[PDB]
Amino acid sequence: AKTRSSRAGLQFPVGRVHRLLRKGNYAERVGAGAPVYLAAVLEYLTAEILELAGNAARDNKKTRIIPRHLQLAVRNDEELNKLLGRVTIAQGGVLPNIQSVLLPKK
């Protein structure tokens, strides 16, 4: 008896997700492609941030991802930055950015 996450070819728990959709009270019933579909979507999005965040770390001379890295990954991507526009990442700081008119008169 192989698991559904395997059948769908995924890491995320198709089973845990299904259980959460029921106990979550979103509807009287829940199809089966749903927990699968939804599960796949969560995974993809996870990979998408972790990917960028790795980058952020590598290009920072580090191998261990930390909040700063997730913050730079998100705030530097138009798509993701919109998805989490009203979200605050603890310990992420802000993107280095100084308004031009405030730079030494030069």
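Heads up: residue numbers just count along the shown sequence, starting at 1. C-alpha atoms forming the largest set that superposes within 1.5 Å between two forms make up the rigid core.
> Between 80-88 and 18-26, which has its CA atoms farther from the current form in 4 other deposited structures of this protein, using a rigid core superposition?
Checking 80-88 against 18-26 in 4 other deposited structures of this protein, I find the farther stretch is 80-88.
> Is the mean CA B factor in the deposited entry higher across 61-69 or across 35-43?
Stretch with the greater average CA B-factor: 61-69.
> Among the modelled residues of its chain, does the C-alpha B-factor of residue 91 lie in the lowest, middle or highest third?
Within its chain, residue 91 is a middle-third residue by C-alpha B-factor, going by the deposited values.
> Sort the modelled residues of this chain by their C-alpha B factor and say whether residue 24 lands in the lowest, middle or highest third.
Within its chain, residue 24 is a highest-third residue by C-alpha B-factor, going by the deposited values.
> Considering every modelled residue of the chain and its Cα B-factor in the PDB entry, is residue 82 in the lowest, middle or highest third?
For residue 82, the deposited C-alpha B-factor lands in the lowest third.
> When the deposited Cα B-factors of this chain's modelled residues are ordered and cut into thirds, is residue 98 in the lowest, the middle or the highest one?
For residue 98, whose C-alpha B-factor we compare with every modelled residue in the chain, the answer is the highest third.
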